[PDB]
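Chains as they are written, first to last, in the numbering used here: chain X, 144 to 408; chain Z, 25 to 781; chain E, 387 to 405; chain S, 6 to 19.
Ideal Cβ placement from N, Cα and C applies to all residues, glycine included.
Shown next, in structure tokens, is the structure this report addresses.
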Amino acid sequence: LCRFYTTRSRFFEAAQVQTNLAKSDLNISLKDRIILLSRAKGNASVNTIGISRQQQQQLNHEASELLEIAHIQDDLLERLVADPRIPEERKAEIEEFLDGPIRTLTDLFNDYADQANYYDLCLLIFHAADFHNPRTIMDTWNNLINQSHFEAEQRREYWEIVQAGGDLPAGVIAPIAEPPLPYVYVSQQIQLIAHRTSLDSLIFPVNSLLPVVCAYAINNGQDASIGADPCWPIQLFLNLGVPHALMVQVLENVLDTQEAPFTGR
Amino acid sequence: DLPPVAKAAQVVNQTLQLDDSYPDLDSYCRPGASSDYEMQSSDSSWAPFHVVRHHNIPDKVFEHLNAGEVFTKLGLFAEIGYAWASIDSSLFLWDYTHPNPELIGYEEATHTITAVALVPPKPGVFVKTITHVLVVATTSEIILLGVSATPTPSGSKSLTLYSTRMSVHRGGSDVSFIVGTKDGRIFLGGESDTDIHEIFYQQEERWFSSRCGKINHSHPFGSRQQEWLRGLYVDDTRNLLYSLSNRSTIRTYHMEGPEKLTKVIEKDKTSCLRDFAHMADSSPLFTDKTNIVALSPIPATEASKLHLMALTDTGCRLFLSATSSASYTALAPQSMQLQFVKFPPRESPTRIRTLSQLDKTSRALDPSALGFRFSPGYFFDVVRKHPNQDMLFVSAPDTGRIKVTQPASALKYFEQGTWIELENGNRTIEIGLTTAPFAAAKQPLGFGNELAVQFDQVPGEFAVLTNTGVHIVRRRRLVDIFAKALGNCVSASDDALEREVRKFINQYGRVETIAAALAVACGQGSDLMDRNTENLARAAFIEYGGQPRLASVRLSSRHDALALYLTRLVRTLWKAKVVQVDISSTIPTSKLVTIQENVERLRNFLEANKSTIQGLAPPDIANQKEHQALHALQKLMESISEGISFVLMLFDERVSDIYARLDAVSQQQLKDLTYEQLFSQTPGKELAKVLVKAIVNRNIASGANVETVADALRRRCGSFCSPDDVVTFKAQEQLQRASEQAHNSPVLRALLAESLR
Amino acid sequence: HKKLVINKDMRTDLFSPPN
Amino acid sequence: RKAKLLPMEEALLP
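Put into structure tokens, the structure is as follows:
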């Protein structure tokens with residue numbers, strides 16, 4: 144039906160059919176619901192004669208929001224199923240409730256993303272929900288940084304054992320190449336999220352996030368001692384596209400208040 | 025001699041006793057056997073259960089599950105709406121009612137997880153906000169975690185985890201089964217042997233004792249043959265613990281103390297088979313080749329003699345009694361005997377609708393892989409005839425037929441059954457109750473009366489966990505079936521309704537059927553076309569309600585239906601004390617509101633049909649007493665609503681303050697005041713008139729507003745308040761407020777002069 | 387659902403086998 | 006996300 148409509152330049156009618164189908168309780172897989180929404184989004188973004196711009200935009204917007212949530216749900220499901228630390232018994236249960244109609248952001252957060260400590264996805268969820276809560280957002284940033292640091296540390300350790308002759312714990316895939324220093328893997332995590340949310344989000348309050356990253360750098364010796372650029376935190380946020388004025392503005396505040404580790408010498 | 029409300033209260037008291045005389049399980053599962061079923065298609069309006077929704081497993085859990093190196097496992101926490109999945113040494117919980125849940129991950133464990141359970145906490149150990157304990161068993165240790173499952177605005181518990189430093193090394197025995205008692209005792213068993221262990225834990229650390237310990241209650245020694253456990257089962261009402269072995273041996277343990285566990289019965293399959301052979305009806309469905317796949321304890325509240333149900337792989341439900349050697353020293357039983365067998369139904373599931381001896385040979389439930397029983401007898405059986413698709417047989421007691429059966433010697437285990445199909449690939453793992461445990465009474469007689477509690481507790485719902493998701497199955501009440509059936513009669517003849525109604529009368533009797541019509545007419549079942557269904561229900565209540573007749577008179581079935589419905593709306597109130605002395609209310613305020621709304625909607629229904637319903641309008645001796653009886657019930661209804669409004673008014677104030685400034689006789693009268701007395705006995709009315717006369721006195725001391733509390737008492741609880749008392753209250757208002765303003769000179773001469781007026 | 391509801395009160399232990 | 010495990014101090018009284 145949709146194919147018929149489109150060839151007749153009736154894109155809006157196709158977007159309507161596809162969207163409703165994606166919201167329906169028919170037996171449709173999550174990935175198919177992602178395709179349906181993605182098509183509707185495209186079809187509603189172009190003019191269809193006889194239909195008001197307002198009506199087009201409202202549909203294009205509903206498809207865009209549902210598509211964002213759908214992608215989150217798909218990222219979850221995939222990660223959970225592949226997670227070595229999740230019991231098989233549970234995985235089958237997760238696949239049943241996530242590989243179907245699109246769920247609310249509350250559920251995705253509480254029942255899955257928060258339970259499995261997938262903090263990066265938690266952040267994407269706070270973005271999609273326009274979640275106004277600076278403290279929780281920062282708590283999640285702090286957990287993500289620390290989790291990533293510990294994982295990078297672990298991987299560098301395993302490597303050091305290979306290069307010394309030792310044996311890795313049973314069922315640990317060796318690293319045939321020097322993995323990245325912790326500050327490199329952490330900043331990788333920050334970039335992946337930034338590109339996904341576009342810095343204009345409330346999960347990038349530079350006034351809170353930049354001091355925390357700088358704090359991390361100091362309190363974990365991610366500096367010259369290990370061969371890192373001592374300004375790496377600043378480089379990171381500049382390339383990311385934070386305006387220069389705002390940077391200096393925050394750094395000033397850091398210097399005046401002399402908080403947490405930014406003290407003495 | 026006897027006024028209306030007192031006459032109607034007599035009908036209520038006798039109706040309460042009639043509902044509480046519903047046969048106990050022992051009475052219709054007497055020694056012998058049964059194959060009584062009425063099967064219903066799952067898509068039929070008469071289906072006893074039906075699927076209401078499904079919840080897929082989150083995709084992230086599928087990612088972890090398919091990332092499993094050695095071992096995975098799924099399970100249910102149906103009490104709080106959570107499921108869990110273990111992958112090797114990692115555990116993930118999530119709220120399955122949430123549309124996009126976040127995964128609560130716990131990966132501290134070092135070795136493979138083999139069992140997980142959610143149990144109550146030991147009292148006086150943890151902060152009150154800790155609602156549960158999470159037990160995590162690995163191949164190396166058992167770990168206790170504190171849990172707080174506080175409800176959220178959405179209706180799904182918020183789960184947060186607490187560390188405890190409580191753990192013990194496992195030992196050599198596998199742990200695959202964990203169960204908890206009401207008091208927080210934790211018992212363990214597994215697939216290494218038949219031993220039962222218990223985990224102890226305490227708040228204080230001692231130099232001679234750790235915070236957490238483990239002991240083997242079985243004390244094994246010497247020669248031991250291979251045998252291990254298939255499950256553990258608790259019955260708190262009897263302080264018993266049951267184990268089922270791989271050889272189908274049933275062991276019973278008694279908790280003679282807070283730290284003791286004593287084996288008191290051991291009954292192997294041979295003993296069960298010997299009992300079975302002594303029964304009148306032996307069957308090839310139960311032999312030495314047959315396996316017992318599941319047990320289900322039966323609590324003492326439900327039945328005195330029958331302690332346990334055992335399910336065979338052929339689908340036979342074995343009901344076992346247990347008895348103590350003596351009557352005094354909890355008392356531990358010492359014998360267990362197979363007494364009664366419910367054999368499988370014969371009808372198999374079909375895509376197309378297909379068209380009196382004991383049936384003891386049916387293979388319809390062969391093979392039964394998993395089985396569950398919930399009070400008052402809801403039975404779920406996972407039949408695995410094919411290795412890819414499970415079929416779910418679900419049955420309930422035929423409460424309507426059991427209640428009407430007469431005499432008692434004709435009682436049999438009648439059941440309503442249905443087949444629920446799960447899609448290809450769905451392997452059922454576990455089934456758990458999501459709502460509060462069912463109980464219509466506090467003792468076996470009356471316990472199983474589903475009809476009595478249709479409007480006091482939501483229908484039972486059950487979470488069916490599969491490898492693909494969680495399916496919600498809901499028990500359907502008579503009013504649900506009646507409303508659905510009538511919904512199909514909307515487009516049919518006058519005789520189409522009469523035909524459907526006659527089905528209900530032949531099963532439930534006329535009174536129960538007309539009571540269901542009255543309930544549907546009043547909007548019951550609508551929490552689930554609806555105007556036409558309610559109008560059809562009204563038409564059924566009028567047309568088929570019968571009439572009064574000389575035998576002393578026999579009132580119509582329409583009257584008994586109104587009395588039955590009204591009684592069941594207030595059964596939780598009638599005999600209960602109004603207050604609990606720091607005085608508080610016995611019944612939560614939210615419950616009093618819903619009861620009042622139900623009573624008022626019933627009253628509204630009678631008023632809107634005063635002209636069309638026989639007996640309401642005034643009318644020879646038969647119709648006379650019919651009019652008097654119906655009038656008395658309606659006077660009790662308004663009295664019930666006034667009484668409830670009075671109790672709500674009372675606790676909106678500061679009752680403890682009012683209770684303090686009160687005489688002893690009136691404190692004692694209020695101490696043992698029941699709702700029945702408040703509704704239907706002069707002393708409740710006289711005491712009510714005292715309390716109102718006292719609350720206003722106090723209200724004036726607070727002095728927020730007199731004329732608002734006035735109009736509050738004036739209208740709603742009129743006929744119990746007096747207009748000469750509010751004007752008096754208005755006078756005592758200015759008098760006390762003249763004593764409040766006493767220091768002022770010119771303000772009193774207006775207060776005292778108006779008080780005098 | 388694109389609306390979040392946190393509820394730590396009553397969850398299901400992610401790190402345990404099921405009852 | 007690894008679940009935050011609040012301390013024993015809050016958990017058990019007194």
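The continuous stretches of alpha helix (DSSP H) do not include Z:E290, which lies in the beta strand (DSSP E) extending over residues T286 to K291. In the displayed model, Z:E764 falls within a helix according to three-state DSSP. Taking all protein chains shown into account, Z:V171 has 16 or more neighbouring C-beta atoms within 10 Å of its C-beta and is therefore buried. The bridge partners DSSP lists for Z:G456 are Z:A487.
As computed with DSSP, Z:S269 is found in a beta bridge with Z:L253. Contact between the stretch 448 to 455 of chain Z and the stretch 463 to 472 of chain Z is absent, with fewer than three C-beta pairs closer than 8 angstroms. Residue range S581 to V594 is occupied by the alpha helix (DSSP H) that includes Z:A587. In terms of Cβ geometry, Z:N633 and Z:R562 form a close pair [threshold 8 angstroms]. Between the C-alpha atoms of Z:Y568 and Z:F101 there is a straight-line separation of about 46 angstroms. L173: these are the residues of the stretch 159 to 175 of chain X whose beta carbon lies less than 7 angstroms from some beta carbon of chain Z, given in chain order. By the CB criterion at 8 angstroms, Z:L253 and Z:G213 fall inside the cutoff. Chain X places no beta carbon closer than 8 angstroms to that of S:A16, leaving this residue out of the contacts. Only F116, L117, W118, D119, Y120, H122, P123, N124, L127, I128, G129 and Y130 from the stretch 116 to 130 of chain Z bring a Cβ to less than 8 angstroms from some Cβ of chain E. Z:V258 has Z:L265 as its beta-bridge partners, per DSSP.
Residue pairing of Z:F403 in beta bridges, as defined by DSSP: Z:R397 and Z:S419. With a threshold of 8 angstroms between beta carbons, Z:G456 makes contact with chain E. Beta-bridge partners of Z:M360 (DSSP): Z:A346. Judged by beta-carbon spacing, Z:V418 lies within the 8 angstroms limit of Z:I444, meaning their Cβ atoms are closer than that value. With fewer than 16 other beta carbons inside 10 angstroms of its own, X:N382 counts as exposed. For Z:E87, the closest Cβ of chain X is nearer than 8 angstroms.
Non-local C-beta neighbours of Z:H651 in its own chain, meaning closer than 7 angstroms and more than five positions away in sequence, comprise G639, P642 and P643, ordered along the chain. As computed with DSSP, Z:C236 is found in a beta bridge with Z:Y225.
The beta carbon of Z:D312 sits closer than 8 angstroms to those of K293, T294 and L297, all from its chain and outside the five residues before and after it, given in chain order. Chain E places no beta carbon closer than 8 angstroms to that of Z:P144, leaving this residue out of the contacts. Per the coordinates, the alpha-carbon of Z:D405 lies some 25 angstroms from the alpha-carbon of Z:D119. When the five nearest sequence neighbours on each side are left out, the beta carbons in the same chain lying within less than 8 angstroms of the beta carbon of Z:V85 are those of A109, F116, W118 and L127, in order along the chain. Between Z:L502 and Z:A540 the beta-carbon gap is near 5 angstroms, inside 8 angstroms, which marks them as a contact. No Cβ-Cβ contact shorter than 8 angstroms links Z:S380 with Z:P369. The beta carbon of Z:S191 sits closer than 8 angstroms to those of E165, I166, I167, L168 and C236, all from its chain and outside the five residues before and after it, given in chain order. Inter-segment contact for the stretch 330 to 347 of chain Z and the stretch 34 to 47 of chain Z is absent: fewer than three beta-carbon pairs are separated by less than 8 angstroms. Within 10 angstroms of the beta-carbon of E:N393 lie 16 or more other beta-carbons, which makes it buried.
By alpha-carbon distance to Z:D43, the top candidate from Z:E621, Z:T610 and Z:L588 is Z:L588. Here DSSP, grouped into helix, strand and coil, assigns Z:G129 to strand.
Excluding sequence positions up to five before and after X:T283, its CB lies within less than 6 angstroms of the CB of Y262, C265 and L266, all in the same chain and listed in chain order. The straight-line gap separating the alpha-carbon atoms of Z:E132 and Z:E251 is approximately 32 angstroms. In the three-state scheme derived from DSSP, where H, G and I count as helix and E and B as strand, Z:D119 is classed as strand.
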